[PDB]
Every structure is written in C-alpha cells, then in structure tokens.
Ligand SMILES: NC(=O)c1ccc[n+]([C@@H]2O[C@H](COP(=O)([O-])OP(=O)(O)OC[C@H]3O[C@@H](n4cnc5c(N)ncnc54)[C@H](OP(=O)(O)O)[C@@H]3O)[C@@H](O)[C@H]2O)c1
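What follows is one chain in structure tokens, specifically the form solved without the named molecule.
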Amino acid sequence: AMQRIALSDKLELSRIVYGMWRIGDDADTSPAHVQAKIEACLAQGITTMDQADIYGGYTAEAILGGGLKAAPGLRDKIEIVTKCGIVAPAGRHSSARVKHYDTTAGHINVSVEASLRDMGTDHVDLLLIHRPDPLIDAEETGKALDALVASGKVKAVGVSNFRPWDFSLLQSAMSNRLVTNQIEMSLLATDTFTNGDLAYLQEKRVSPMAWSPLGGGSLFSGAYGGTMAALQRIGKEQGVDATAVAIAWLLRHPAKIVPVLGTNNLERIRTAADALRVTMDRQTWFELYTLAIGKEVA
C-alpha cells in the first residue's frame, strides 16, 4: 500500500495490488465508477491494478479502458498488470470449441494489442502467462515475451500458476528475467509454503503475487471458526478487521508476497491497506497457520 516493492530495475508495484477480475460483473461499469474504484485505491497508495484478457469474458480490460480513456493522466498514476494464455469460449473467442491454452507468439501479440486498445495505452507494466501450458514451445513463447519487452509494449514479464519446472523451462528460453509468479496463497492455500513452489522463488529472489489472498471468502463462511476467532482477537488487539490480519499473515512471510485483493466493494477497498498496520510476530503467524491447517507443526 504505502510500501512499494521493486520486482526489477524497471518495475515497482504497490505491496498490495487491486484485483480487477470482477470489475465487469458490477452492475455499474460506468467510466465514473471505474475512476472512483482507482481513486479509492490511489488514496491508500495502491497503484497496481491486476487485469487479464479473459476477465469478464474478455470485457474487463475494455471496462477499465472506459475509465482511463475518459480521465487523461490516470493511466500514468497506475501500474497495469495483464495476462494472456487462456482461450475460453467467451466474448471475442466465443467460437472456441473447448477451453484451451495458447502460448504461441501470434496469440500473445494479438492479446497484448487488444489489451493496449481496450485500456487505451501504448504499454503495460507487467504481462503474465496466465497458466502453465502443457503444450508450451518454450523457445517460441520466450522469444515472444523477449520481443515485447524489446518493443517497449511490456515493461516486464512473468508467469502465473507455474510450477518450478514450468518457470525453469520458460526462463531457460528467455534473456529477460521472469519477475514474478502469481500463485494462489492464503491461510486456506498453504501448499506452496512446504511443497517447494515458494522455496524455489525465494532462492531465485522472485516475489510471488498471491491471488485469492483471503481464500475466496471461505475464511468467513463457516469452516474456519477457530482461524476466524484468532483473526478477530488479533484484529481487536490492533484496531483492524479479520481481513487486514489475514493479509498481514501473507505480508509477514520473508518471500515478500504481493497480495492481489479483487473486490467491487468501495468500503473494502478503503480498508484494503490496514494489513500494513498489523504487527505479526512469529508465534502469532504459527498460531494462525496451525489453526488453518488443523494440526500442530511436526
């Protein structure tokens, strides 16, 4: 939020990122309401907006563009993260017979062009390959990503949901450094803390971005009563809500996780940055971890 994180020389994000994956599903997709969402973020020092070609059935970037095209200079205040690689039978890909992945140079280039056109800008700050593609030609995808960096259309490149072997294979075909891996991380999604996925990034000194950093709402919806009670106690102790403590749990990790919080609620945007005020000591981090997992550490 106020804290800023250098993914590289050429890219600095806000430590908390605003996720736009539901921006299209709001009743109000007016340029004024989109500007309002972005301004509420910027008021908390949240400058990084997370997009993808696929969001809102390939319309979410165009809804954001409504905002930026209407408000000159708003784009220069934000970092835009987008993604490509999923072809789902929706919007401009509604003729697809099956959901599939496409990491071809041709598809990456047309997805970036559509991103630039829909959002009304000549560059994005970060492009991620959205999913690991079991049919990837790493030589073709890596050259495509390197060419987009060399063109200035993309400031930096990364991946999402990649396993270490997928990250290694694509990195082995590239001159540019992949600057992040956007992966699912929360109190409810802790497998990467122990299974090698996070250790791999830490050793590479790569910050992950965490999607569904609250566990997609499942924290609050009745299967994590113990974890909830602890989050509410700590929240009452430090004057913040359970949500702020759950995000602070991610921020405490030395891998320097960048949480992506994707919400249409202007109330929950306004408190988004409260996690930076939480103090999360080692013992409290293990308390929350062992409540969520339902077993003491070995």
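In case it trips you up, residue 1 is the first one in the sequence shown, and so on.
Where the other entries of this protein model the residues before and after it, residue 89 is kept in all of them rather than dropped from a third. Of the other structures of this protein that model both sides of residue 226, every one gives it coordinates; not a third omit it.
Mean C-alpha B-factor is higher over 267-275 than over the other stretch, the pair under comparison being 267-275 and 236-244.
Comparing 98-106 with 70-78, the stretch with the higher mean C-alpha B-factor in the PDB entry is 70-78. Of the candidates 255, 49, 258, 27, the PDB record gives 27 the highest C-alpha temperature factor. The residue among 117, 163, 83, 131 whose C-alpha carries the highest B-factor in the deposited model is 117. In the PDB entry, residue 43 places in the highest third of its chain by CA B-factor. Per-chain ranking of the deposited C-alpha B factor places residue 122 in the highest third. In the PDB entry, residue 34 places in the highest third of its chain by CA B-factor. For residue 231, the recorded CA temperature factor ranks within the middle third of the chain's modelled residues. Among the modelled residues of the chain, residue 212 sits in the lowest third by CA temperature factor in this PDB entry.
As for the form solved in complex with the named molecule, it is not shown, yet the points below apply to it.
You can rule out all but one of 59-67, 40-48, 255-263, 27-35: in the deposited complex, only 255-263 has residues with a heavy atom within 4.5 Å of the named molecule.
Using a 4.5 Å cut-off to the named molecule in the deposited complex, not one of 163, 193 and 290 places a heavy atom inside that distance. A residue is said to contact a partner when one of its heavy atoms sits within 4.5 Å of a partner heavy atom; residue 142 fails this definition for the named molecule in the deposited complex, lying far away.
None of the heavy atoms of residue 16 is located within 4.5 Å of the named molecule in the deposited complex.
When the named molecule is considered in the deposited complex, residue 277 lies well away from it, no heavy atom lying within 4.5 Å. When the named molecule is considered in the deposited complex, residue 204 lies well away from it, no heavy atom lying within 4.5 Å.
Here is the short version: of 107, 131, 153, 93, the single residue with a heavy atom within 4.5 Å of the named molecule in the deposited complex is 131. The partner is absent here, but in the deposited complex a heavy atom of 216, alone among 89, 226, 216, 120, sits within 4.5 Å of the named molecule.
Taking the named molecule as it sits in the deposited complex, the stretch 13-41 comes within 4.5 angstroms of it through a non-hydrogen atom at 19, 20, 21, 22.
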